[PDB]
Protein chains: 2
Amino acid sequence: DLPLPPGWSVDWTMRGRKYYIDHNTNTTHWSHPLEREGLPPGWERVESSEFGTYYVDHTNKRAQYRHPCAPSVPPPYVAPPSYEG
Amino acid sequence: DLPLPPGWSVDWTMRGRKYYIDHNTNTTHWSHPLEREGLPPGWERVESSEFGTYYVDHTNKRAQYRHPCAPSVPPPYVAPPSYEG
Ligand SMILES: [K+]
Ligand SMILES: [K+]
Ligand SMILES: [K+]
Ligand SMILES: [K+]
Ligand SMILES: [K+]
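Parameters at a glance
- Residues numbered from 1 in each chain as written, not as in the entry; some residues may be left out.
- Chains lettered and ligands numbered in written order.
- Heavy atoms only, no water.
- Residues with missing side-chain atoms left out of burial classes, pairs and counts.
- Helix = DSSP H or I, 4+ residues; strand = E, 2+ residues; numbered from the N terminus.
- Contact = heavy atoms within 4.5 Å.
- Buried area = accessible area lost by both parts, 1.4 Å probe.
- Salt bridge = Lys/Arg side-chain N within 4 Å of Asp/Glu carboxyl O.
- Polar contact = N/O pair within 3.5 Å; in protein donor to acceptor, adjacent residues only side chain to side chain.
- Nonpolar A, V, L, I, M, F, W, Y, C, P; charged D, E, K, R; others polar.

X-ray crystallography is the method the PDB entry lists for this structure, together with a resolution of 1.55010861961 Å.

Looking at the PDB entry, chain A carries the name Protein salvador homolog 1,Dendrin, with the source organism given as Mus musculus. The header of this PDB entry states its title as "Complex structure of SAV1 and Dendrin".

Here's what the structure looks like:
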């Protein structure tokens, strides 16, 4: 949907997974560069049918469920307003 | 974007957070009912600018970073194909 910034292109893995090619920096990425609000450089949010939504750190070649910048404690439960309706 | 199933409506919290009202079951929800693929009943995926993406269990009033169905081990690191470009 969102336009690629100048200097990018897209391709596909042998499993059908889209990736983004940055010809400005000669690097490749799982996510659109305009869809990384709140993420530090080197980190991406990824979606998995087996593991759900998690985060990868390309600079350390590791992954974790928690956003890199989230408090290192479990996140807060909040319910929507009760049915009124 | 996606049409609401029959019997639903939408409203807004005093913080500007959208929620979904199910008049079929007299319940309320943070997420669109057609956007919960892979989630068990009672669980939702939520987005937070402070905590990132996590999951809430309305039946236990708790939250966790890991998808309820994800393996209880850290998720796998996978890099996109190296720049060719
Ligand atoms: K450029
Ligand atoms: K281009
Ligand atoms: K997560
Ligand atoms: K109905
Ligand atoms: K309606």
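Chemist: I would appreciate a short explanation of unusual backbone geometry in the present structure.
Modeler: Residues and elements named next belong to chain A. That bond from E84 to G85 is cis: its omega, 10°, falls within 30 degrees of zero. Of note in this structure, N26 is not a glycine but carries a positive phi near 55°. Among the secondary structure elements, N26 is positioned in the loop between strand 2 (18-22) and strand 3 (27-29). Unlike most non-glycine residues, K61 shows phi in positive territory, near 50°. If you trace the backbone, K61 turns up in the loop between strand 5 (52-57) and strand 6 (62-64).

Chemist: In this structure, what is going on with the interface of chain B and chain A? I would like to understand it.
Modeler: Often, the extent of an interface is quoted as the loss of accessible area on bringing the components together. Between chain B and chain A, the residue contacts involve 43 residues of the former and 43 residues of the latter. Together, the buried faces of chain B and chain A total about 3600 Å²; carbon and sulfur atoms form 65% of this surface. It is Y65, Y77 and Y83 of chain B in chain B that bury the most area against chain A; as a group they hold 22% of the surface buried on that side. Between chain B and chain A we count two salt bridges in total. A salt bridge links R45 of chain B to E47 of chain A, with the shortest nitrogen-to-oxygen separation between them at 2.8 Å. Seen at the junction of chain B and chain A, the total is 22 residue pairs in polar contact. At the level of secondary structure, the elements contributing two or more residues to the side of chain B that touches chain A comprise strand 2 (18-22), strand 3 (27-29), strand 4 (43-48), strand 5 (52-57) and strand 6 (62-64) of chain B. In the side of chain B that touches chain A, the residues fall into 22 nonpolar, 13 polar and eight charged.

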